Structure formats: structure tokens, C-alpha cells
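S.K.: Below you'll find the structure I mean.
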Amino acid sequence: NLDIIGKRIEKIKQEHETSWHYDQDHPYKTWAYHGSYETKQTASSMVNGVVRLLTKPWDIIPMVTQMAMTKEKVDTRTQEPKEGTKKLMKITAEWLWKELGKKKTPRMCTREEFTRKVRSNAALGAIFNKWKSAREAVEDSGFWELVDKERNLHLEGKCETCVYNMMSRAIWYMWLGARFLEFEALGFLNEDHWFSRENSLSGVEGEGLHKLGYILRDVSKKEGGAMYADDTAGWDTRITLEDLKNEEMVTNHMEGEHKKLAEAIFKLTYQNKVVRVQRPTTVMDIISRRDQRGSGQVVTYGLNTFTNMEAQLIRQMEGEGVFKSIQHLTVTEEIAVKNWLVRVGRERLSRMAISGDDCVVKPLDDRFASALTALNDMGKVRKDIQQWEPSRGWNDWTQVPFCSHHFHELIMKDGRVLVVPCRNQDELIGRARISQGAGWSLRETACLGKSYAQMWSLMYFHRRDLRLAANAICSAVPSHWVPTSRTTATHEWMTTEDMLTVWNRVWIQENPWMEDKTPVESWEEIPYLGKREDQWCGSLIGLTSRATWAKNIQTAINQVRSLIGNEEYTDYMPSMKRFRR
Ligand SMILES: CCC(=O)NCc1nnc2n1CCCC2
Ligand SMILES: [Zn+2]
Ligand SMILES: [Zn+2]
């Protein structure tokens, strides 16, 4: 307790000595409260005018328009798992780190790699003070002396400045220094692709939205039961102290400085936390707790993937009868569990697609559906179903939800097969109409519209309305202006290369599921969903509003071109049959 967190609390207390007071009307029950102090401040979603002016029919669709308008799960407790459950988790975690470590070497990430990340806008979840932005702190030796002070404090097993700032979500921003030390010790999990499909068998890290459907269809080819895709209620809030201890076992594979720097991240920042939260009653509360997930988002993704892979192997073990009860594992069940892992563990990992808290599992048979005792006792309670009601599985891989999508099998006029990503079109148009942050020039807004358009041309070309709207936006933005994002899966649409050339590289040349590498010569060779299927997935094809928009699209394009000014533009609309004379 206070021996590990006191120094951080001590230090904050003294910076606000004028305002320190143990408030008695504090709303916390499961967080340890320490004190309050005086502050006064808060970032709403802004509309992208370029995308909205080129999507006029959606101006009267509430599911689109409402998306641009506008903490009692975080303050709850998880119970300690039973002895049998704790044993299953420890054995599985030990085995899984070894498998992930067979073809990989843990190593520290560098000031250089960090500096390079900050000098190309990656969402590192830092705060604004002594320097303005991340870019300036990184180009100043004073910062690195603060980093050095904390670094030597961590080697000594102590912490002074690694404090979270809070803001079914919750983001835990830290100062750039604490983010660096996290990246130095644990960045290797992401930087060296520990959760690639080649390395982890269940994982999809780095795979890309154009691969995920082919991956689900490959899982579907295994003999076994339904495909299960159960969502956890508030995954980050159900991470137990036993989970954080199994995750820390990655340090058993390290040596030297690295092993000590990693052990300190887990001990001092993950298994003990100090957090500052804004309460309108506007004060700042300094609260602490031992469990739950609260790391950088990239480390969070890898450890969520690890603990989810572990949890789902155990649910598979329960379905297969490898153990009888979570109350207690007998000596001979331990050897049975170890022996299952060695004998079939790698086959069972290949039956899964796991993206952090998101999973799809094709178990050996449907006993999995009612195998709930370990899952519930680990705290991974399913969303939108009663605790002991059996899971409903999916009979067709094309119906399974994964990473906010479903996937269609689409047959090209020439016989070849595309497996394409899809989701309700209102969600796609509603997201592309939104920007985050202040000070957007018209050029920067246009280049963000262009990024959405090129993503649509690469991933959603099969949706009639999105191929047309993508062509219109790319026609309305100057041809040489470079697509941008402020927050940055593989992003092959982020390029000034011709989108037909990129489509050929992604869907034909580099597609390991496409045997015939004959390039496509025009967009007209690239198919759409059935018209009825496109309507089912939210198309406006068939509406009078949509017909007028498609017919008059050159008028909309010219409206945006007149706003941007006398720049060099390309007409991409004749790449479509209906605008081709
Ligand atoms: C009508 C929309 C367009 O193509 N761009 C607007 C625009 N702004 N100055 C000029 N133009 C076009 C060419 C003449 C000079
Ligand atoms: Zn620290
Ligand atoms: Zn669809």
C-alpha cells in the first residue's frame, strides 16, 4: 500500500499545499481516496464540412446526424477467483508466455524509436506543463534528465511521477516521461509483433481489415461446433490482481536492466495505481487501486489479447472435460491440463481470432456453450445474457461479429473470390463526418476527408453509395494533397499512389488467399454486394434522395472545389460505368 504509492501522493500534496483537504462527501467506494485540491477546466466532436457537403442525402438520417451531437462501472469490484481457477490461469499463462517466446526475444525499446514515434503522430496518450507538445519535450535534454531521475528510481524499486489522469470507455493519460518508461520496458510486445497470427496463432495484430474475413473463414473450415463471439461486460474493469500477476510473468523471460525496468512497470504502475479525476462538486481527486487495466492503450491491447487467449483456452478446457471443478485442481488434473496444452494447445489457439477483449472461438463441439464456471469465476462475465444461460453461437462465419464488422463472400465476374469487411453504412458515413480537435484549416479538413474516401475505395468498394461518395471526395480535393489523420491495423489507404494500383496490391498481388495474380485493369471489374444485400447493410440505393445526389454529383463536387479554390483537381467519376458516357 502507501509505501509504494505514498511518494507520488506526497509529491502532488505539496504542489497544491494551498488547496489540500480530505473531502468527506467523496463519491468513491471501491477506489482508495487520499485527498482533493483546486482546479478549473474540462473536447466535443466537430463536423467535417468537406465530407458532409458530399453526403447530402444523410443530412436527414438521424442515425448519421445524431453521431456528431453531444464511470459507475470503473467504481465496482471483482471477487478473488477460487484456488482451482488461480491454478488453471497460472499453468495456462506459464505455457502461453513460453509459446509466444519460442521465436521472439524480449528487448528494450529506444529513445530513438520513441522519438521517431512522437515525430510522426502516434496516439501515445500523454498530457500537455514545461513544454507545449510531445515533439518539443523529446527535442530537449532537460526532459530526458527527468526520465533519467524516474528511471533510476524504478531500478531502486520506487516511483515519484508515474500518475494516471482519467478522461463503456475510460482513457488513462500519463505524462510523456511515464509513457516512455512504459514503452522502453513493454513496447517490444507491439514493436516486434508478439500477437501477430504467425507468432500467437489466435492473434490478428498487424493483420489488416482486408485479412480478418479470410482469417474467420479459415477458422470456419475446422471441424467443431458453432462459432462463439461472446462480448465481456467492461473487460478493463474485470482484470483481477491474479490477471496482472500472470501478465507480469513475461519478465521471467527477460534479463539485466530490462528485467528490472519491466518488473517496476508491473509492480509500481499496473499492480499499484495513483489516478487524478475531475469532479464538478471543479476539484481534482487523488485515488488509488491495485486491480483493473490502466496502462497505455498499445500495451493494454497486447495484455488484453494475452489474458483473453488464456481465458478462452480455459473455457475450451472446461467444455472438453479436462478438469471437473474450479474449487480445486487435483495433482492429476494439473498434469492433465499441462498435457492438454503440450498435446493440443497450439491447435486450440488456431481455433480462435482474438483482438484484445474481442474474440471468436470455434470449439471442438458445443459443450463450450454451457462451460461457464471458469469464465464467470475469472470475472469475464458475458454482456447482454444471464450469468448461467448458455452462449448462442453462429452457424455461418459470414454472420459472426468481429472488430465491429461482419464479412461477405463476393464473387468477381472472372470467378475469383473476395472476402470483404462490412458494417452498417450509417456508422461509416457518420464517422467520416466527424473530426476531433481545434485549429483545422480547410486544407487539413479536406485531407482528412480524403483519408476516409481512400479507406472506403480500398475496404468498402463493394457498397454502391461509398464507392460513389469516395470518388466524389477524391474529385473534390486537389489530386496531390496528402491524406492526413491526427490519431493513427495496416493503413494502406494513407498514400498519394493511385487507388486502383493499391487495390491490386492489397486484394490480388499480396493476398495469400488469391492463387490467380492477374491484375484488374479497371474499377468496373471490381464487384458490388447484391443490390438487396447492400440495402440490408444500410444502402440508400432505391431512394429518390440518393438518385438525385448520384445524378447531380458534379454540382456537389464543384461546390467543394469553389470553396477550396483554383487548385489542380482530377475527375474520378468516369471510373464508374454510369458517368462513362
Ligand atoms: C467550378 C469548380 C472548380 O473547378 N474550381 C473552382 C475554381 N476557382 N477558380 C477557378 N476555378 C475553376 C477553373 C477556373 C478558375
Ligand atoms: Zn514511476
Ligand atoms: Zn454487410
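Residue numbering restarts at 1 for every chain of the C-alpha cells, chains are lettered A, B, ... in their displayed order, and ligands are numbered from 1 as they appear.
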I'd like the neighbourhood of residue 542 in chain A as a PyMOL selection string, where a residue qualifies if any of its atoms comes within 12 Å (using only C-alpha atoms), though same-chain residues fewer than 4 positions away should be ignored.

M.R.: chain A and resi 464-465+531-532+534-535+538+546-550

S.K.: Using only C-alpha atoms, which residues sit within 12 Å of residue 269 in chain A once same-chain residues fewer than 2 positions away are excluded, as a CSV table (one decimal) with N, CA and C atoms, in the first residue's frame?

M.R.:
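Here's the written file around_22.csv:
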chain,number,residue,atom,x,y,z
A,4,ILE,N,4.4,2.1,-1.4
A,4,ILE,CA,4.6,2.1,-2.9
A,4,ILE,C,4.0,3.3,-3.6
A,5,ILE,N,2.9,3.8,-3.1
A,5,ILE,CA,2.1,5.0,-3.7
A,5,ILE,C,2.3,6.3,-3.0
A,8,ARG,N,4.3,9.4,-4.6
A,8,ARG,CA,3.5,10.0,-5.7
A,8,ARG,C,2.5,10.9,-5.1
A,154,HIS,N,13.0,3.7,-10.5
A,154,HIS,CA,12.5,2.4,-10.9
A,154,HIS,C,13.5,1.3,-10.6
A,157,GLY,N,13.4,0.4,-7.3
A,157,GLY,CA,12.1,-0.2,-6.9
A,157,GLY,C,11.1,0.8,-6.3
A,158,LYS,N,11.2,2.1,-6.7
A,158,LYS,CA,10.4,3.2,-6.2
A,158,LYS,C,9.9,4.0,-7.4
A,159,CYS,N,8.9,4.9,-7.1
A,159,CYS,CA,8.2,5.7,-8.2
A,159,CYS,C,7.8,7.1,-7.6
A,160,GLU,N,7.9,8.1,-8.4
A,160,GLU,CA,7.6,9.5,-7.9
A,160,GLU,C,6.6,10.2,-8.9
A,161,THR,N,6.6,10.0,-10.2
A,161,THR,CA,5.9,10.8,-11.2
A,161,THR,C,5.0,10.0,-12.1
A,162,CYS,N,4.9,8.7,-12.0
A,162,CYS,CA,4.1,7.8,-12.8
A,162,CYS,C,2.6,7.7,-12.3
A,163,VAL,N,1.8,8.8,-12.6
A,163,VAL,CA,0.4,9.0,-12.1
A,163,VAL,C,-0.5,9.1,-13.3
A,164,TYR,N,-1.7,8.4,-13.2
A,164,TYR,CA,-2.7,8.4,-14.3
A,164,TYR,C,-3.6,9.7,-14.1
A,172,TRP,N,-6.7,6.6,-19.8
A,172,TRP,CA,-5.8,6.9,-18.6
A,172,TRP,C,-4.5,7.6,-19.2
A,174,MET,N,-1.1,9.7,-19.2
A,174,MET,CA,0.1,9.9,-18.3
A,174,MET,C,1.0,11.0,-18.9
A,178,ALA,N,6.5,9.1,-18.2
A,178,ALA,CA,6.0,7.8,-17.7
A,178,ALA,C,5.6,6.9,-18.9
A,179,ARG,N,5.2,7.5,-20.0
A,179,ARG,CA,4.8,6.7,-21.2
A,179,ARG,C,6.0,6.2,-21.8
A,181,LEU,N,9.0,5.3,-20.3
A,181,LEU,CA,9.4,4.2,-19.4
A,181,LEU,C,8.6,2.9,-19.6
A,182,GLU,N,7.2,3.1,-19.7
A,182,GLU,CA,6.3,2.0,-20.1
A,182,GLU,C,6.8,1.4,-21.5
A,244,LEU,N,-3.1,-9.6,-13.5
A,244,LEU,CA,-1.9,-8.7,-13.6
A,244,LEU,C,-0.6,-9.5,-13.2
A,248,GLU,N,2.6,-10.3,-15.6
A,248,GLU,CA,4.0,-9.9,-15.2
A,248,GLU,C,4.9,-11.1,-15.4
A,261,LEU,N,13.6,-3.0,-15.1
A,261,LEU,CA,12.7,-1.9,-15.6
A,261,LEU,C,11.3,-2.4,-15.9
A,262,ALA,N,11.1,-3.6,-16.4
A,262,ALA,CA,9.8,-4.2,-16.6
A,262,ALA,C,9.1,-4.6,-15.3
A,263,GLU,N,9.8,-5.2,-14.4
A,263,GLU,CA,9.3,-5.6,-13.1
A,263,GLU,C,8.7,-4.4,-12.3
A,264,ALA,N,9.4,-3.2,-12.5
A,264,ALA,CA,9.0,-2.0,-11.9
A,264,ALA,C,7.7,-1.4,-12.6
A,265,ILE,N,7.6,-1.5,-13.9
A,265,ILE,CA,6.4,-1.0,-14.6
A,265,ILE,C,5.2,-1.8,-14.0
A,266,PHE,N,5.3,-3.2,-13.9
A,266,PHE,CA,4.2,-4.1,-13.4
A,266,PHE,C,3.9,-3.8,-11.9
A,267,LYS,N,4.9,-3.8,-11.1
A,267,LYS,CA,4.8,-3.6,-9.6
A,267,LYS,C,4.2,-2.2,-9.3
A,271,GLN,N,0.1,-2.9,-10.9
A,271,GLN,CA,-0.4,-3.6,-9.7
A,271,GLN,C,-0.6,-2.6,-8.5
A,272,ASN,N,-0.2,-1.4,-8.7
A,272,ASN,CA,-0.5,-0.2,-7.8
A,272,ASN,C,-0.6,1.0,-8.6
A,273,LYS,N,-1.7,1.8,-8.5
A,273,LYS,CA,-2.0,2.9,-9.4
A,273,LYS,C,-2.4,4.1,-8.5
A,274,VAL,N,-2.0,5.3,-9.0
A,274,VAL,CA,-2.4,6.6,-8.5
A,274,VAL,C,-3.1,7.3,-9.6
A,275,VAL,N,-4.3,7.9,-9.4
A,275,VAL,CA,-5.1,8.4,-10.5
A,275,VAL,C,-5.6,9.8,-10.1
A,288,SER,N,-6.5,5.7,-5.6
A,288,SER,CA,-5.6,4.6,-5.8
A,288,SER,C,-6.4,3.3,-5.8
A,289,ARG,N,-5.9,2.3,-6.6
A,289,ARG,CA,-6.3,0.9,-6.5
A,289,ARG,C,-5.3,-0.1,-7.1
A,290,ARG,N,-5.5,-1.3,-6.8
A,290,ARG,CA,-4.4,-2.4,-7.1
A,290,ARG,C,-4.8,-3.1,-8.5
A,291,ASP,N,-6.1,-3.3,-8.8
A,291,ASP,CA,-6.5,-4.1,-9.9
A,291,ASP,C,-7.1,-3.2,-11.0
A,292,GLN,N,-7.8,-3.9,-12.0
A,292,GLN,CA,-8.3,-3.2,-13.2
A,292,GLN,C,-7.1,-2.9,-14.2
A,293,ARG,N,-7.4,-2.8,-15.5
A,293,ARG,CA,-6.5,-2.3,-16.5
A,293,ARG,C,-6.5,-0.8,-16.5
A,294,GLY,N,-5.3,-0.3,-16.6
A,294,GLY,CA,-4.9,1.1,-16.7
A,294,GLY,C,-3.5,1.2,-17.1
A,295,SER,N,-3.2,1.1,-18.4
A,295,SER,CA,-1.9,1.2,-19.0
A,295,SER,C,-2.0,2.0,-20.2
A,296,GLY,N,-0.9,2.3,-20.9
A,296,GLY,CA,-1.0,2.9,-22.3
A,296,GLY,C,-1.9,2.0,-23.2

S.K.: Pick out the closest residue to residue 514 in chain A from this set: A:482, A:474, A:418, A:458. Count only C-alpha atoms.

M.R.: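 Of all the options, A:418 lies closest to residue 514 in chain A.
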
S.K.: So how far away is CA of residue 189 in chain A from CA of residue 513 in chain A, in Å?

M.R.: 27.4 Å

S.K.: Within 7 Å of range 49-57 of chain A, counting only C-alpha atoms, which residues qualify if same-chain residues fewer than 5 places away don't, as a PyMOL selection string?

M.R.: chain A and resi 432-433+445-446+449+469+472-473+545-546+549+556+560

S.K.: DSSP on the backbone: which residues in range 319-389 of chain A end up as strand (DSSP E)? Give the answer as a tab-separated table (two decimals) with N, CA and C atoms, in the first residue's frame.

M.R.:
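What ended up in out_8.tsv:
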chain	number	residue	atom	x	y	z
A	352	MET	N	-9.18	-19.87	-32.74
A	352	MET	CA	-9.61	-18.56	-32.22
A	352	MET	C	-9.06	-17.38	-33.06
A	353	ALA	N	-9.82	-16.29	-33.10
A	353	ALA	CA	-9.37	-14.97	-33.54
A	353	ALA	C	-9.64	-13.99	-32.40
A	354	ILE	N	-8.56	-13.41	-31.86
A	354	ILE	CA	-8.59	-12.59	-30.64
A	354	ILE	C	-7.86	-11.27	-30.90
A	355	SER	N	-8.60	-10.20	-30.68
A	355	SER	CA	-8.18	-8.79	-30.83
A	355	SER	C	-8.46	-8.08	-29.52
A	358	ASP	N	-11.85	-8.70	-27.74
A	358	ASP	CA	-12.78	-9.21	-28.78
A	358	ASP	C	-12.35	-10.62	-29.18
A	359	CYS	N	-13.22	-11.63	-29.09
A	359	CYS	CA	-12.86	-12.99	-29.56
A	359	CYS	C	-13.94	-13.62	-30.44
A	360	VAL	N	-13.48	-14.56	-31.26
A	360	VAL	CA	-14.28	-15.57	-31.99
A	360	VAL	C	-13.59	-16.90	-31.71
A	361	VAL	N	-14.37	-17.89	-31.30
A	361	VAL	CA	-13.86	-19.23	-30.92
A	361	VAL	C	-14.69	-20.28	-31.66

S.K.: What lies within 9 Å of residue 101 in chain A using only C-alpha atoms, ignoring chain neighbours under 3 positions off, as a list in words?

M.R.: residues 96, 97, 98, 104, 105, 106, 194, 199, 250 and 253 of chain A

S.K.: Near range 486-502 of chain A, within 6 Å and counting only C-alpha atoms, which residues show up once chain neighbours fewer than 6 positions away are dropped, as a PyMOL selection string?

M.R.: chain A and resi 122-123+206+208+454-455

S.K.: May I have the selected residues written with C-alpha atoms, as a short mmCIF file (atom, residue, chain, number, x, y, z; two decimals), in the first residue's frame?

M.R.:
data_model
loop_
_atom_site.label_atom_id
_atom_site.label_comp_id
_atom_site.auth_asym_id
_atom_site.auth_seq_id
_atom_site.Cartn_x
_atom_site.Cartn_y
_atom_site.Cartn_z
CA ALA A 122 1.09 8.14 -32.80
CA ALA A 123 -1.67 8.34 -30.08
CA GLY A 206 -0.89 -6.14 -37.81
CA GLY A 208 -5.45 -5.54 -41.57
CA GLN A 454 -9.43 6.23 -49.86
CA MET A 455 -10.28 3.83 -46.93
#

S.K.: Could you give me, as JSON lines, every chain A residue with an atom at most 10 Å from ligand 1, plus its closest atom pair and distance in Å to one decimal, counting only C-alpha atoms and all ligand atoms, rows ordered by chain then number?

M.R.:
{"residue": "A:475", "atom": "CA", "partner": "ligand 1", "partner_atom_place_in_ligand_line": "4 (O)", "distance": 9.8}
{"residue": "A:476", "atom": "CA", "partner": "ligand 1", "partner_atom_place_in_ligand_line": "4 (O)", "distance": 8.5}
{"residue": "A:478", "atom": "CA", "partner": "ligand 1", "partner_atom_place_in_ligand_line": "5 (N)", "distance": 9.8}
{"residue": "A:554", "atom": "CA", "partner": "ligand 1", "partner_atom_place_in_ligand_line": "2 (C)", "distance": 9.3}
{"residue": "A:555", "atom": "CA", "partner": "ligand 1", "partner_atom_place_in_ligand_line": "1 (C)", "distance": 8.6}
{"residue": "A:556", "atom": "CA", "partner": "ligand 1", "partner_atom_place_in_ligand_line": "2 (C)", "distance": 9.6}
{"residue": "A:557", "atom": "CA", "partner": "ligand 1", "partner_atom_place_in_ligand_line": "2 (C)", "distance": 7.6}
{"residue": "A:558", "atom": "CA", "partner": "ligand 1", "partner_atom_place_in_ligand_line": "2 (C)", "distance": 4.2}
{"residue": "A:559", "atom": "CA", "partner": "ligand 1", "partner_atom_place_in_ligand_line": "2 (C)", "distance": 6.5}
{"residue": "A:560", "atom": "CA", "partner": "ligand 1", "partner_atom_place_in_ligand_line": "2 (C)", "distance": 7.4}
{"residue": "A:561", "atom": "CA", "partner": "ligand 1", "partner_atom_place_in_ligand_line": "5 (N)", "distance": 4.5}
{"residue": "A:562", "atom": "CA", "partner": "ligand 1", "partner_atom_place_in_ligand_line": "6 (C)", "distance": 3.9}
{"residue": "A:563", "atom": "CA", "partner": "ligand 1", "partner_atom_place_in_ligand_line": "6 (C)", "distance": 7.4}
{"residue": "A:564", "atom": "CA", "partner": "ligand 1", "partner_atom_place_in_ligand_line": "6 (C)", "distance": 7.4}
{"residue": "A:565", "atom": "CA", "partner": "ligand 1", "partner_atom_place_in_ligand_line": "8 (N)", "distance": 4.4}
{"residue": "A:566", "atom": "CA", "partner": "ligand 1", "partner_atom_place_in_ligand_line": "8 (N)", "distance": 3.8}
{"residue": "A:567", "atom": "CA", "partner": "ligand 1", "partner_atom_place_in_ligand_line": "5 (N)", "distance": 7.0}
{"residue": "A:568", "atom": "CA", "partner": "ligand 1", "partner_atom_place_in_ligand_line": "4 (O)", "distance": 8.5}
{"residue": "A:569", "atom": "CA", "partner": "ligand 1", "partner_atom_place_in_ligand_line": "4 (O)", "distance": 7.4}
{"residue": "A:570", "atom": "CA", "partner": "ligand 1", "partner_atom_place_in_ligand_line": "4 (O)", "distance": 9.6}
{"residue": "A:571", "atom": "CA", "partner": "ligand 1", "partner_atom_place_in_ligand_line": "4 (O)", "distance": 9.9}

S.K.: Please produce an output containing N, CA and C atoms for each residue in the selection, written as an mmCIF file, in the first residue's frame.

M.R.:
data_model
loop_
_atom_site.group_PDB
_atom_site.id
_atom_site.type_symbol
_atom_site.label_atom_id
_atom_site.label_comp_id
_atom_site.auth_asym_id
_atom_site.auth_seq_id
_atom_site.Cartn_x
_atom_site.Cartn_y
_atom_site.Cartn_z
ATOM 1 N N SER A 475 -12.468 13.562 -56.061
ATOM 2 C CA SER A 475 -12.624 14.511 -57.199
ATOM 3 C C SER A 475 -12.625 15.943 -56.665
ATOM 4 N N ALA A 476 -13.064 16.134 -55.423
ATOM 5 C CA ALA A 476 -13.334 17.471 -54.837
ATOM 6 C C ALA A 476 -12.094 17.993 -54.130
ATOM 7 N N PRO A 478 -7.868 18.559 -54.042
ATOM 8 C CA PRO A 478 -6.784 18.597 -55.018
ATOM 9 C C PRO A 478 -6.029 17.257 -55.069
ATOM 10 N N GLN A 554 -21.759 16.062 -59.815
ATOM 11 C CA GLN A 554 -20.754 17.034 -60.333
ATOM 12 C C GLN A 554 -21.027 18.429 -59.743
ATOM 13 N N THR A 555 -22.293 18.761 -59.481
ATOM 14 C CA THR A 555 -22.679 20.041 -58.832
ATOM 15 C C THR A 555 -22.154 20.099 -57.389
ATOM 16 N N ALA A 556 -22.190 18.985 -56.661
ATOM 17 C CA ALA A 556 -21.707 18.897 -55.267
ATOM 18 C C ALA A 556 -20.192 19.011 -55.283
ATOM 19 N N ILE A 557 -19.566 18.269 -56.196
ATOM 20 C CA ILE A 557 -18.090 18.272 -56.353
ATOM 21 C C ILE A 557 -17.645 19.722 -56.607
ATOM 22 N N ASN A 558 -18.333 20.437 -57.499
ATOM 23 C CA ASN A 558 -17.941 21.809 -57.916
ATOM 24 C C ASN A 558 -18.208 22.791 -56.765
ATOM 25 N N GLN A 559 -19.200 22.529 -55.907
ATOM 26 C CA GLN A 559 -19.421 23.360 -54.703
ATOM 27 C C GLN A 559 -18.169 23.318 -53.823
ATOM 28 N N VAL A 560 -17.664 22.123 -53.544
ATOM 29 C CA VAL A 560 -16.469 21.970 -52.675
ATOM 30 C C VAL A 560 -15.220 22.584 -53.368
ATOM 31 N N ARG A 561 -15.034 22.329 -54.668
ATOM 32 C CA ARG A 561 -13.883 22.880 -55.440
ATOM 33 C C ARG A 561 -13.878 24.418 -55.396
ATOM 34 N N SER A 562 -15.050 25.046 -55.498
ATOM 35 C CA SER A 562 -15.197 26.526 -55.418
ATOM 36 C C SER A 562 -14.816 27.020 -54.019
ATOM 37 N N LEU A 563 -15.136 26.262 -52.963
ATOM 38 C CA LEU A 563 -14.738 26.647 -51.579
ATOM 39 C C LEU A 563 -13.210 26.533 -51.416
ATOM 40 N N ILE A 564 -12.602 25.453 -51.903
ATOM 41 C CA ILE A 564 -11.151 25.195 -51.728
ATOM 42 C C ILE A 564 -10.353 26.196 -52.595
ATOM 43 N N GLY A 565 -10.803 26.440 -53.829
ATOM 44 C CA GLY A 565 -10.241 27.463 -54.743
ATOM 45 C C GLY A 565 -9.631 26.869 -56.009
ATOM 46 N N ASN A 566 -8.720 27.614 -56.641
ATOM 47 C CA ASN A 566 -8.204 27.333 -58.008
ATOM 48 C C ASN A 566 -6.961 26.436 -57.892
ATOM 49 N N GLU A 567 -7.196 25.142 -57.675
ATOM 50 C CA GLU A 567 -6.179 24.134 -57.353
ATOM 51 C C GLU A 567 -6.230 23.144 -58.510
ATOM 52 N N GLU A 568 -5.347 22.157 -58.546
ATOM 53 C CA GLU A 568 -5.362 21.123 -59.618
ATOM 54 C C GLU A 568 -6.190 19.952 -59.075
ATOM 55 N N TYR A 569 -7.280 19.616 -59.767
ATOM 56 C CA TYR A 569 -8.206 18.506 -59.425
ATOM 57 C C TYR A 569 -8.251 17.492 -60.578
ATOM 58 N N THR A 570 -8.589 16.241 -60.243
ATOM 59 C CA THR A 570 -8.838 15.128 -61.200
ATOM 60 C C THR A 570 -10.318 14.716 -61.088
ATOM 61 N N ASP A 571 -10.996 14.426 -62.206
ATOM 62 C CA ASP A 571 -12.351 13.808 -62.179
ATOM 63 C C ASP A 571 -12.198 12.277 -62.097
#

S.K.: Set the cut-off to 9 Å, count only C-alpha atoms and all ligand atoms, and list whatever residues fall near ligand 3 as a list in words.

M.R.: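 Sorted by chain and then by number, the residues are residues 398, 405, 406, 407, 408, 420, 421, 422, 423, 424, 425, 463, 529, 533, 534, 536, 537 and 538 of chain A.
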
S.K.: Residues within 7 Å of residue 47 in chain A, please, as a list in words. Count only C-alpha atoms; anything in the same chain fewer than 3 positions from it doesn't count.

M.R.: residues 68, 433, 434 and 435 of chain A

S.K.: Measuring between only C-alpha atoms, which one of A:235, A:95, A:214, A:579 shows the shortest distance to residue 340 in chain A?

M.R.: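 Closest to residue 340 in chain A of all the choices is A:95.
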
S.K.: Nearest to ligand 2: which of A:136, A:17, A:426, A:148 is it, counting only C-alpha atoms and all ligand atoms?

M.R.: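 Of the candidates, the smallest distance to ligand 2 is held by A:148.
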
S.K.: Quick one: pick out all alpha helix (DSSP H) residues within range 370-531 of chain A from a backbone DSSP run and write them as a PyMOL selection string.

M.R.: chain A and resi 373-377+425-432+442-459+464-476+499-504+531

S.K.: Applying 9 Å and only C-alpha atoms, which residues near range 225-231 of chain A remain after dropping the ones on its own chain fewer than 2 positions away? List them as a ChimeraX atom specification.

M.R.: /A:219-220,223,233-235,357-369,381-384,391-397,400-402

S.K.: Please save C-alpha atoms of the selected residues as a JSON list (two decimals), in the first residue's frame.

M.R.:
[["chain", "number", "residue", "atom", "x", "y", "z"],
["A", 219, "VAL", "CA", -11.35, -20.88, -38.58],
["A", 220, "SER", "CA", -14.79, -21.91, -40.06],
["A", 223, "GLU", "CA", -14.30, -29.48, -37.64],
["A", 233, "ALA", "CA", -19.16, -6.55, -19.94],
["A", 234, "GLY", "CA", -16.43, -3.88, -19.29],
["A", 235, "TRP", "CA", -13.33, -6.05, -19.92],
["A", 357, "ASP", "CA", -11.15, -8.08, -25.46],
["A", 358, "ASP", "CA", -12.78, -9.21, -28.78],
["A", 359, "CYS", "CA", -12.86, -12.99, -29.56],
["A", 360, "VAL", "CA", -14.28, -15.57, -31.99],
["A", 361, "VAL", "CA", -13.86, -19.23, -30.92],
["A", 362, "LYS", "CA", -14.73, -22.40, -32.94],
["A", 363, "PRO", "CA", -14.50, -25.06, -30.17],
["A", 364, "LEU", "CA", -14.17, -28.83, -30.69],
["A", 365, "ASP", "CA", -18.01, -29.14, -30.04],
["A", 366, "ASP", "CA", -20.96, -27.22, -28.47],
["A", 367, "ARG", "CA", -20.22, -28.30, -24.81],
["A", 368, "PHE", "CA", -18.31, -24.91, -24.85],
["A", 369, "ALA", "CA", -21.71, -23.02, -24.91],
["A", 381, "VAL", "CA", -18.91, -12.05, -17.24],
["A", 382, "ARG", "CA", -20.67, -12.03, -20.66],
["A", 383, "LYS", "CA", -22.58, -8.87, -21.79],
["A", 384, "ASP", "CA", -26.41, -8.98, -22.50],
["A", 391, "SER", "CA", -23.95, -18.90, -25.16],
["A", 392, "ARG", "CA", -25.77, -18.76, -28.56],
["A", 393, "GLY", "CA", -23.23, -19.50, -31.36],
["A", 394, "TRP", "CA", -23.26, -18.53, -35.06],
["A", 395, "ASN", "CA", -23.79, -21.24, -37.72],
["A", 396, "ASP", "CA", -22.26, -19.15, -40.58],
["A", 397, "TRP", "CA", -18.88, -17.31, -40.48],
["A", 400, "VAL", "CA", -20.11, -13.59, -36.91],
["A", 401, "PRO", "CA", -19.30, -10.12, -35.49],
["A", 402, "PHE", "CA", -15.55, -9.28, -35.04]]

S.K.: Ranking A:149, A:577, A:245, A:346 by minimum distance to ligand 2 and counting only C-alpha atoms and all ligand atoms, which one comes first?

M.R.: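 With only C-alpha atoms and all ligand atoms as the atom set, the closest residue is A:149.
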